[PDB]
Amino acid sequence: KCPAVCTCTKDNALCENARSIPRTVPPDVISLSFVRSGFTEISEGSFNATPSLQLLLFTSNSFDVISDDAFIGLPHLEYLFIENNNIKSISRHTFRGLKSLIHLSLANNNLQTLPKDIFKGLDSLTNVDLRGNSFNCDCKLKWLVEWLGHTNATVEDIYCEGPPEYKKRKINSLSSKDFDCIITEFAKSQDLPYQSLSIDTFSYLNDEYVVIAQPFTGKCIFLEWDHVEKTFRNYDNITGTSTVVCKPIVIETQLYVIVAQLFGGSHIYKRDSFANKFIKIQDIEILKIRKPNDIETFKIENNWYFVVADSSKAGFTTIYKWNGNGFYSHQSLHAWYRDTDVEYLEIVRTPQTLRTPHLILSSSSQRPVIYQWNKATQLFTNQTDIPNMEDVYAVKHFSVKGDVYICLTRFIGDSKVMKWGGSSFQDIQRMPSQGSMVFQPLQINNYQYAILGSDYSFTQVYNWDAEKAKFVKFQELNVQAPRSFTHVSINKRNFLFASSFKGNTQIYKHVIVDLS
C-alpha cells in the first residue's frame, strides 16, 4: 500500500525526506504533505493517477521552478498550500486545470514575482494568502494590483518590499497611476518607390485594403496584405490623369471609389463582384468641380454623402448624396472661394446635449468656416468661422474622452490644436512649424498621436498626455515631403503610412515593447 519512505495514515499521509513523489497512493488517502523533500523540481504534469486528493501541501522544500499543468489530474482538489519554501519563479498555467480549488496559500515562501493571470481558471476560490513574501512592485505586479480589486475572494493584505522607494506599502492601496510599463515607436518597415499625394483604407468583405493616390503617374494604387512575406503588395491599379484624392466608399457590402483628378477628372468607380475589376460608373460635373483638393466621406442618419473641395474660384465645393443607385449633387457650398480641405466632425453644440454633424472647410487666405447640419432642411446652414486663425490649409479632429479637439494646419507660422467649448474652439496648444502641409491625429490602441509634417524640417510625431491634457513631443520621422498620414490596421498588426510628394512613400511598423 503506502511506500515505506513516507509516513501514512488510513485517510491521510505525511511525506518527508523523499526525492520523488510516490507513484501510488492508497485509494482512501486524501490529503498529502511534503516536508523538506529533496525535490529538484515538481514533475511536469505530476500527480497523475491520484484523483482523490481534497488537500495538498508543501513546506520547507527547494523548488527552482514549478512547471505548467503540474497539478492536472486532480479534479477533486480543494485546499492547496504551498508555503515556507524558497522559490524563484513559477509558470503561469501551473494552477490551470483546477476549477475546484477553494483555498490557496502562497504565503511566506519569499516569492519576488508572479506571472500574470496565474489565478485565471479558478472560479471557486474563496481564500488566498500571499503574505510574508518579498514582493518587488513593478510591471510584473501590475496585473496583481488589477486582480486584487476585481476578485471577490478574500485576500489578506500584502506589502511592497521593492523597489525601496516603495517599501512596506500595501499592494491593495496602489492605483492605475504610478505605472509606466509601455512605450511606443514607429520603425520603418517598407519603402515604396512611388511618390504619393494621399493614402486611404477600406474594409471589403472583412478585408482591409489600402488606396494610394500617385499624382505624377495618374494611377490610383491599391495595396493588399500578403501573408507569405511582408503584408503590403500591389494587387490592382486604377488609371487616371493627375489623380489627387482617391477615396474608397463601401456601401452595403459594395465598393465605390471616388477619385478626383486635375485633368478632366472626378469619376466615380464601383467594384464589380464577379469580374473583381473596377468599372467607371459616374462622371462628376466638370463645371461644378474643377481643381479638387480634397474629398471627405461621411454618413448621416443612415444616408451616405461625400464632399469635394474645389480650390478654383470658378468651381464650387459640392456635397453628393447617395440615392442607392449612385451619387448625385446635394448641396453646393462656399461659392467663389478657394477650398483646400473639407472636414466632417460630430460635435455637441450647446444647448443641445446630442452631438450634431458639422462641416469645417478651409479656404485659402481665409478663415476656416463651420457648417451645422440642419435635419429639417437636410442642408448645412448657420455658417460660422473660426476666429483669429487665417491661411489654414486643413483641419482634422480627434476626441479624448467626451471632448473633441481639432488640429489646424497652417503652412506658415503656428499650427495649433483647439478644444471645442460650448459655442467656440478655445486655444489649447501652439506648435510652430515651417512648411507644414499636414497635421494628422491618429488613435492606435487607445493611444492618441498627432503627426506634424514638414517639408524643410523633420516631421514631428506627438503623443497625447492625459495628465497634461496636451500633445507632448514624442518622435521625429524622416519623410521627404509629407502630404498625408494614414493608420492601417491588419489583424493585431498596425502600420503608419507616410505620403511623400517629392520622394518615395514610407511604411512604418507600430512596435510596442511591453511588460504586463
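Numbering starts at 1 and runs along the sequence shown.
Student: For the higher mean C-alpha B factor in the entry, choose 410 to 418 or 83 to 91.
Tutor: Result of the comparison: 83 to 91.
Student: Per the record, averaged over C-alpha atoms, which has the higher B-factor: 443 to 451 or 41 to 49?
Tutor: It is 41 to 49 that shows the higher mean C-alpha B-factor.
Student: Pick out which of 123, 301, 341, 346 has the highest C-alpha B-factor in the PDB entry.
Tutor: Highest C-alpha B-factor among the listed residues goes to 123.
Student: What's the residue among 292, 193, 162, 402 with the greatest CA temperature factor in the PDB record?
Tutor: Of 292, 193, 162, 402, 162 has the highest C-alpha B-factor.
Student: What third of its chain, lowest, middle or highest, does the C-alpha temperature factor of residue 484 fall into?
Tutor: Lowest third, going by the recorded CA B-factors of the chain.
Student: Taking the entry's C-alpha B-factors for this chain, is residue 271 in the lowest, middle or highest third?
Tutor: As the PDB entry reports it, the C-alpha B-factor of residue 271 lands in the middle third of its chain.
Student: Comparing residue 318 with the other modelled residues of its chain, is its CA B-factor in the lowest, middle or highest third?
Tutor: Lowest third - that is where residue 318 ends up once the chain's C-alpha B-factors are sorted.
Student: Quick check for you: using the entry's CA B-factors within this chain, is residue 504 in the lowest, middle or highest third?
Tutor: Middle third - that is where residue 504 ends up once the chain's C-alpha B-factors are sorted.
Student: Lowest, middle or highest third: where is residue 371 by C-alpha B factor in its chain?
Tutor: Bottom third by C-alpha B-factor.
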